[PDB]
Amino acid sequence: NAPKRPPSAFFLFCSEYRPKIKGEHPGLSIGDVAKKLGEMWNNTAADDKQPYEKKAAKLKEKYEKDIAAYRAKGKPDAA
C-alpha cells in the first residue's frame, strides 16, 4: 500500500559513513554527523556516486510509478 520514499544515493552513503565519522565523533548527533555527510556526499568521490545512484535510483524509480498507480485509482474506480 502507499509506497514510502526509498534511498537517494546520499542515503546509502549516509549509512556507510555515519559510524566512521561518529567513530571519532561519539560527541555528535545524527543531526551534525548528518550535516557532515550532507556535504561530504556532494564533494564525495564522484565515481562512488555511480553505485549509490544506480541503487537509490532503481528503488525510488519503482516507487514513483507504483505510487502513481495507487493514486490514479481508489476512488473513481471506473477507469
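Indices start at 1 and increase along the chain as displayed.
Method of determination (from the header): solution NMR.
The backbone N, Cα and C atoms fix where each Cβ goes, and this holds for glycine too.
According to Swiss-Prot, the DNA-binding region annotation covers 3-71, on the basis of sequence analysis.
Annotation for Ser8 (phosphoserine): same-chain Cβ neighbours under 8 Å, separated by at least 6 residues, are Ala56, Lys60. Annotation source Swiss-Prot lists phosphoserine at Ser8, citing similarity to another entry.
As annotated by Swiss-Prot, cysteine sulfonic acid (-SO3H) applies to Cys14, with the evidence given as similarity to another entry. Using a 10 Å Cβ-Cβ cutoff, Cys14 (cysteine sulfonic acid (-SO3H)) registers 19 neighbours.
In this chain, no residue six or more apart from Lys35 (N6-acetyllysine) has a CB-CB distance below 8 Å. Sequence annotations record features per position, and here Swiss-Prot assigns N6-acetyllysine to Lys35 (among others) based on similarity to another entry.
Per Swiss-Prot, the feature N6-acetyllysine maps to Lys36 (among others); the stated evidence is similarity to another entry. In this view, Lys36 (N6-acetyllysine) is surrounded by 15 other Cβ atoms within 10 Å of its Cβ, with every protein chain counted.
Here Swiss-Prot flags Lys49 (among others) as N6-acetyllysine. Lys49 (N6-acetyllysine): 17 other CB atoms within 10 A of its CB, across all protein chains.
DSSP classifies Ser8 (phosphoserine) as coil under the three-state reduction.
Rounded to a whole number, the distance between the Cα atoms of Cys14 (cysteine sulfonic acid (-SO3H)) and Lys49 (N6-acetyllysine) is 12 Å.
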